[PDB]
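# Architecture at a glance
In case you want the letters, here they are:
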Amino acid sequence: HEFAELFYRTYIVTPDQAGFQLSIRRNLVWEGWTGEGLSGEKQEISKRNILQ
Amino acid sequence: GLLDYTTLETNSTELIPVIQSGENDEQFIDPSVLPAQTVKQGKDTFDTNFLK
């Protein structure tokens, strides 16, 4: 109807591929990495999105 | 270097595990199962083993 495409914009894709692959970019601001593990444990680089 | 190969062979970029006795022991296999191996990367000597 109108209702269907009104919420899901129809996008045609070539029948040569099993779908469409999507890639996004992120801009994050760096503060510092919390913890050095001399026991080998992970590091967590504290990142937050800029649009925050 | 024509005859021996060690003259023109060296490692200065190899990231091989380094053991720190008493800090990261839980990352490597227990030494009571396999004795430590001595490996040389550049000019520093230290023990290494397999990761669990």
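Per the deposited record, cryo-EM is how this structure was determined, to a resolution of 4.1 Å.

### A short note on the overall build of chain B
When helices and strands are tallied, chain B shows zero helices and two strands. Considering only C-alpha atoms, chain B reaches an extent of 45 × 20 × 15 Å along its principal axes. A burial count over chain B gives 13% of its 52 residues as buried. At a minimum sequence separation of 6, the contacts of chain B that also span at least 24 residues come to 40%.

### Remarks on the environment of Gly32 of chain A
Within the element layout of this structure, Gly32 of chain A appears in strand β1 (residues 28–34). Not counting the four nearest positions on each side in its chain, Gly32 of chain A is found in contact with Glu44, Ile45 and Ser46 of chain A.

### Some points on the side chain of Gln41 of chain B
All names here are of chain B. Within the secondary structure layout, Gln41 lies in strand β1 (residues 37–41). Here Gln41 falls in the buried class, since its relative accessible area comes to 16%. Of the polar contacts made by the side chain of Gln41, one reaches the backbone oxygen of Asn11; its length is 3.0 Å. The residues touching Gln41, leaving out its near neighbours within four places in the chain, are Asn11, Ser12, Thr13, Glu14 and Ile16.

### Regarding the pattern of salt bridges
Two side chains carrying opposite charge are able to pair once their charged atoms lie near each other. Residue and element names in this part refer to chain A. Per the stated rule, a full pass over the model turns up one salt bridge over all chains. Residue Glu31 is joined to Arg48 by a salt bridge in which the shortest nitrogen-to-oxygen separation is 2.9 Å. In this pair, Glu31 is assigned in strand β1 and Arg48 in strand β2 (residues 44–49), connecting sequence segments 17 residues apart. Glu31 sits in the exposed class, given a relative accessible area of 54%. For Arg48, a relative accessible area of 31% gives the class partly exposed.

Parameters and conventions
- Residues numbered from 1 in each chain as written, not as in the entry; some residues may be left out.
- Chains lettered and ligands numbered in written order.
- Part of a larger assembly, values for the part shown.
- Heavy atoms only, no water.
- Helix = DSSP H or I, 4+ residues; strand = E, 2+ residues; numbered from the N terminus.
- Buried < 20%, exposed > 50% of the residue type's maximum accessible area, 1.4 Å probe, protein only.
- Contact = heavy atoms within 4.5 Å.
- Polar contact = N/O pair within 3.5 Å; in protein donor to acceptor, adjacent residues only side chain to side chain.
- Salt bridge = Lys/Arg side-chain N within 4 Å of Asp/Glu carboxyl O.

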